[PDB]
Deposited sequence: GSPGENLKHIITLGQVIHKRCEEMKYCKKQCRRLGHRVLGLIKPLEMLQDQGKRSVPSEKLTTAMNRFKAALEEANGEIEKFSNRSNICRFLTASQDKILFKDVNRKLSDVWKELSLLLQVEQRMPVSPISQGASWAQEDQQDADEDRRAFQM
C-alpha cells in the first residue's frame, strides 16, 4: 500500500511536469497538470505520516489507472500531427474529456475513503471541470490556427 501511494504521487508529479512542457493546446494541458498536482497534494501529506478496506484498494487502483491513462494521452498529444487528427475527428475539441471524467469520478470516491479510513482532513474546498474544459478547448482552438 505504501508503494502504491508512492507510485501515484510520482506519476502525478511526472504528469504535471510533462503538461507544463506541452507545446500545443496549452490551456487544456496546463489545466490537466494543475488538477493532477492538486489531487496528489493531500496524498503527499498523507504519505508523510491503516489497513485499507476492499473499497479503498480498488479506488486506489482505479486512480492509478486513470493517471496512467492521462500519461498515455499526454504522450500522444505531445506530437502536433496527433492533436490535428484528434481535433478534426472531434466535435467539442476537448482533448482530455474521458480522462478528466474518470479522474473526477474516482477522486470523489477515493478522497471520501481516505477521509473515513485514513484520517485525511476534509479540505475547505473540494476538487465545474466540464465547463472549464469547454472554455479551455475554445481558447486552444483559436491558438491552434
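Residues of the deposited sequence lacking C-alpha coordinates, numbered from 1, fall in the stretches 1-2, 52-54, 133-134, 153.
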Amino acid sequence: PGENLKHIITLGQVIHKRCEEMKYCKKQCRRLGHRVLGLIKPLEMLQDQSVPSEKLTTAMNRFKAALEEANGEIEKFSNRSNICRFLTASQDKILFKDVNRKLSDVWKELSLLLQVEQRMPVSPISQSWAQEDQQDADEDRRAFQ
From here on, numbers count along this sequence of modelled residues.
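As listed in the deposited structure, the average C-alpha B-factor of 77-85 and of 24-32 is greater for 77-85.
If you average the C-alpha B-factors over 51-59 and over 97-105, the higher value belongs to 51-59. The residue among 46, 40, 67, 110 whose C-alpha atom has the highest B-factor in the PDB entry is 46. When the modelled residues of the chain are ordered by C-alpha B-factor, residue 118 sits in the highest third.
Looking at the C-alpha B-factors along this chain, the one for residue 125 belongs to the highest third.
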